[PDB]
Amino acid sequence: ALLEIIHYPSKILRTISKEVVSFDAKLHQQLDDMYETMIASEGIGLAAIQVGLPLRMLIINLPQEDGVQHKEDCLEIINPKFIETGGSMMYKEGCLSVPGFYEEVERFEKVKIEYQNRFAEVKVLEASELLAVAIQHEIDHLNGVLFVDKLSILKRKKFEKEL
């Protein structure tokens, strides 16, 4: 099913999402609907709160060389925790919950996270570049944070301007 994406300035997006404890058919149904919604919206990631589900789960699917997203490359990341973070990097981001606005955000250049997949299997993943940025963007959503919150004095005025 295609789900409605929640947009700024909805206070729903400030929710702190809750850990997933039951890795069952309902979770898989929710993840499938998130994937459908993310692809239909031409995103490369999506956090559950963006479709109104305050659960600590997110998906990421970066496109290949043919510029398309293959479902087999999708990461389903549940109850993630940062283990290591390193360096800094600027990246120009937009967000499905803040549509039409793009700005450079300072992110960690490299991260390592631990999380569970849809079968409750524990994973450790190291990431850099776009994958690291996507991980950080989506985890921020689980904590009620939007990328616009991370902008400077100046770049925030540019946000209010384009608003």
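Numbers follow the displayed sequence, beginning with 1.
### Query
Comparing 2-10 with 152-160, which stretch shows the greater average C-alpha B-factor in the deposited entry?
Higher mean C-alpha B-factor: 152-160.
### Task
Report the stretch with the higher mean CA temperature factor, choosing between 101-109 and 51-59 on the basis of the entry.
Of 51-59 and 101-109, the stretch with the higher C-alpha B-factor average is 101-109.
### Query
Between 69, 117, 30, 37, where does the Cα B-factor run highest in the record?
Of 69, 117, 30, 37, 69 has the highest C-alpha B-factor.
### Message
Maximum C-alpha temperature factor per the entry, among 129, 126, 138, 121, belongs to which one?
### Response
Reading the PDB entry, the winner on C-alpha B-factor is 129.
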